[PDB]
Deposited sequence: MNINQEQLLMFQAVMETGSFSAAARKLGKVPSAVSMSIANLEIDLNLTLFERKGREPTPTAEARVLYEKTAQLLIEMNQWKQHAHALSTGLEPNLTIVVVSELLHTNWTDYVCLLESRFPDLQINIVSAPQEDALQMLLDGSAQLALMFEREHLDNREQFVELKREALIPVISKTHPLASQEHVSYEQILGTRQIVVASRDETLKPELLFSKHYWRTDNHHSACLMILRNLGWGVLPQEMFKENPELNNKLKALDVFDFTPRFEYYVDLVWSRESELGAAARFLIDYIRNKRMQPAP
């Protein structure tokens, strides 16, 4: 079999092309897609419980290849009181609960809730429990989200929200033919 760990922060990005690539050449291969936070993901590469990892931007034992970038959007429920304004201030954002996906660069409110994936974060933002940053991909997969969520205008005092997705693997680990084909295919492209 082939086990790929997609780190929890990247679950709701556009990653399935790489699995379709594997299945097209090796339809008999059993693929296992697991998800865990990044720190756990590296340990799975080292202990061999996963052969490949999809991570966002590593010691001497790992190698990687860059795949793609994924845009993220700060959003709030359209029925949240803050959504009635065309614009918002930093003071207002500071006083609004943020729903943060994590296990300086990402926290901008005094009060926050932590979750480990964007499905959980989205559900809570949809219940008006706060604002947060979600992958643009979620709005492509669920266009009705645009009817319920609105982009929050914080771009003048926040970094560009984005992931740079890498394919990562352990140098010393046994790699079957399928894992090597994907690595070689990506390197060639």
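Judged by missing C-alpha atoms, the gaps in the deposited chain sequence fall at residues 1 to 93, 151 to 153, 200 to 205, 292 to 297, listed in sequence order.
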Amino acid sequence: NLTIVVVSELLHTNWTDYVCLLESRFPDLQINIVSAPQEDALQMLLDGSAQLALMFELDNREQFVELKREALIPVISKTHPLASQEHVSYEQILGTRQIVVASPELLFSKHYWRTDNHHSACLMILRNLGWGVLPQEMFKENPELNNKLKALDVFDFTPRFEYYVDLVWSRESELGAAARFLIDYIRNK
From here on, numbers count along this sequence of modelled residues.
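Just going by the entry, 6 to 14 versus 167 to 175 on mean CA temperature factor gives the higher value to 167 to 175. Relative to its counterpart among 121 to 129 and 34 to 42, 34 to 42 has the higher mean temperature factor, C-alpha atoms as listed in the PDB entry. Out of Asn142, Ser49, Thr158, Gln136, the entry records its largest CA B-factor for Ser49. Among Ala151, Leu29, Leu67, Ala53, the highest C-alpha B-factor in the deposited entry belongs to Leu67. Ranked by C-alpha B-factor against the other modelled residues of its chain, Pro74 falls in the lowest third. When all modelled residues of the chain are sorted by CA temperature factor, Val88 is found within the lowest third.
Ranked by C-alpha B-factor against the other modelled residues of its chain, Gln98 falls in the lowest third.
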